[PDB]
Amino acid sequence: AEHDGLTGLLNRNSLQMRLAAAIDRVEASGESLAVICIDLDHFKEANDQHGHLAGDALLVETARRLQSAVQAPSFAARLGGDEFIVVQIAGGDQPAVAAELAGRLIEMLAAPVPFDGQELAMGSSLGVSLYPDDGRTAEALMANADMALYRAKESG
């Protein structure tokens, strides 16, 4: 019910619940809150060239990498397909602190993944939304981060 079966990350349901709660937390605490939408550059080609189990291997390894990097109170979810979300709760300069994690995420998702005695191309794109300027509700931040992902994929 609260986890993505394939990867063990949060699912859409639990993401939305935890993001809504995080907004209330940070409104009171003064912590920074950012939503990062991530997708994989070569998921379609893995599925096309090596079948559905190859794309799955990409998803499983992405999740493993995200579980290594994202610790409470931050959290990670897979929505569906190759679309992932990371919610960062942190301190300090909000645009900087989110940009710093974003950079680390891109780096960690760059390395290929072994599959069936071959290596599959990884690489990711991401978009960032910051509370409250990019939205004051979970849904507003979700949507804005997805738009930011679109913009990032168009511009690089």
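Each number in the authors' numbering comes from the position in the sequence shown (counting from 1) with 371 added on.
Backbone N, C-alpha and C define an ideal beta-carbon position, used for all residues, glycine too.
- Counting only the Cα atoms, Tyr502 lies some 11 Å from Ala469.
- Fully contained in the stretch 440-526 are the following beta strand (DSSP E) runs of length 3 or more, in chain order: 446-451, 454-461, 484-486, 489-491 and 495-501.
- Sorting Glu478, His374, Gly463 and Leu390 by C-alpha distance to the C-alpha of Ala514 places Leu390 at the top.
- Within 10 angstroms of the beta-carbon of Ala372 lie fewer than 16 other beta-carbons, which makes it exposed.
- According to the DSSP assignment, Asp419 belongs to the alpha helix (DSSP H) that extends over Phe414 to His421.
- When DSSP states are grouped into helix, strand and coil, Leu381 belongs to the strand group.
- A direct Cα-to-Cα measurement between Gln420 and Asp395 gives close to 45 Å.
- DSSP places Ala372 outside any beta strand (DSSP E), giving it a letter other than H or E.
- In this structure, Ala434 is the residue among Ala434, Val441, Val458 and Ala440 with its C-alpha nearest to the C-alpha of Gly452.
- Between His374 and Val406, the alpha-carbon positions lie close to 18 Å from each other.
- Straight-line spacing of the CA atoms in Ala443 and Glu416 works out to 33 Å.
- Taking C-beta atoms as the reference points, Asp427 and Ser496 fail to come closer than 8 Å.
- Rounded to whole angstroms, the separation of the alpha carbons of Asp505 and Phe486 is 38 Å.
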